[PDB]
Amino acid sequence: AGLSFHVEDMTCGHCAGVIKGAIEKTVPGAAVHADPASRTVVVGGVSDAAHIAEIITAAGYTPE
C-alpha cells in the first residue's frame, strides 16, 4: 500500500525534511515524500499505517 498523512502544519522542506528522515530511517523501504504545498507525507511500499503514524508523531507532527 501507499499511505498519505495531511500534516497541515508542515511548512517548507526544513520541517518536511525531518518528517521524511524520521520515517525513512526507521523503515528501510518507506518511500517518503513530505510536500510543503500539498501538506502531505506519502509513504509507499508499506501497509502499516499505525506503525508509520507512531514514527511521525514521535517527530512531533500530527499523522492525519
# chains A, B, ... in the order shown; residues from 1 in each chain; ligands from 1
>>> residues_around(residues="residue 51 (chain A)", least_positions_apart="4", cutoff="10 Å", atoms="only C-alpha atoms", output="JSON, numbers by chain")
{"A": [23, 27, 46, 47, 55, 56]}
>>> write_last_selection(atoms="N, CA and C atoms", output="compact mmCIF listing (two decimals), in the first residue's frame")
# COMPACT_ATOMS: atom_id res chain seq x y z
N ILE A 23 10.66 8.73 9.32
CA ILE A 23 10.00 7.50 8.81
C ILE A 23 10.97 6.62 7.99
N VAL A 27 12.06 2.84 8.89
CA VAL A 27 11.54 1.84 7.94
C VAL A 27 12.29 1.94 6.60
N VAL A 46 4.48 0.25 2.08
CA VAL A 46 4.10 -0.11 3.46
C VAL A 46 2.56 -0.16 3.60
N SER A 47 2.07 -1.09 4.42
CA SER A 47 0.63 -1.23 4.73
C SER A 47 0.36 -0.79 6.18
N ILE A 55 5.78 6.76 14.27
CA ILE A 55 7.11 7.32 13.93
C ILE A 55 7.03 8.86 13.73
N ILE A 56 6.09 9.29 12.89
CA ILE A 56 5.93 10.72 12.52
C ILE A 56 5.37 11.57 13.70
>>> select_by_dssp(residues="chain A", states="strand (DSSP E)", output="list in words")
residues 2, 3, 4, 5, 6, 31, 32, 33, 34, 35, 40, 41, 42, 43 and 44 of chain A
>>> atom_distance(atom1="CA of residue 64 (chain A)", atom2="CA of residue 5 (chain A)")
4.9 Å
>>> atom_distance(atom1="CA of residue 48 (chain A)", atom2="CA of residue 2 (chain A)")
9.5 Å
>>> residues_around(residues="residue 45 (chain A)", least_positions_apart="5", cutoff="8 Å", atoms="only C-alpha atoms", output="list in words")
residues 1, 2, 29, 30 and 31 of chain A
>>> closest_residue(among="A:21, A:28, A:44, A:60", to="residue 7 (chain A)", atoms="only C-alpha atoms")
A:60
>>> closest_residue(among="A:53, A:59, A:10, A:22", to="residue 35 (chain A)", atoms="only C-alpha atoms")
A:10
>>> closest_residue(among="A:39, A:25, A:20, A:33", to="residue 8 (chain A)", atoms="only C-alpha atoms")
A:39
>>> closest_residue(among="A:17, A:9, A:4, A:42", to="residue 61 (chain A)", atoms="only C-alpha atoms")
A:9
>>> select_by_dssp(residues="region 6-60 of chain A", states="alpha helix (DSSP H)", output="compact mmCIF listing (two decimals) with C-alpha atoms, in the first residue's frame")
# COMPACT_ATOMS: atom_id res chain seq x y z
CA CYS A 12 8.90 24.29 3.91
CA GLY A 13 11.40 21.43 3.24
CA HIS A 14 13.11 22.19 6.62
CA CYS A 15 10.03 20.91 8.55
CA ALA A 16 9.15 18.39 5.79
CA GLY A 17 12.75 17.09 5.78
CA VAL A 18 12.81 15.89 9.42
CA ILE A 19 9.47 14.02 8.83
CA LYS A 20 10.98 12.26 5.77
CA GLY A 21 14.12 11.35 7.76
CA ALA A 22 12.07 10.09 10.76
CA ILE A 23 10.00 7.50 8.81
CA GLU A 24 12.67 6.58 6.16
CA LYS A 25 15.42 5.75 8.74
CA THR A 26 13.03 3.71 10.97
CA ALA A 49 -0.47 2.87 8.77
CA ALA A 50 -0.46 2.61 12.60
CA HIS A 51 3.32 1.92 12.69
CA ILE A 52 4.14 4.89 10.36
CA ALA A 53 1.79 7.12 12.46
CA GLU A 54 3.81 6.29 15.64
CA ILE A 55 7.11 7.32 13.93
CA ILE A 56 5.93 10.72 12.52
CA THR A 57 4.07 11.62 15.80
CA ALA A 58 7.36 10.80 17.65
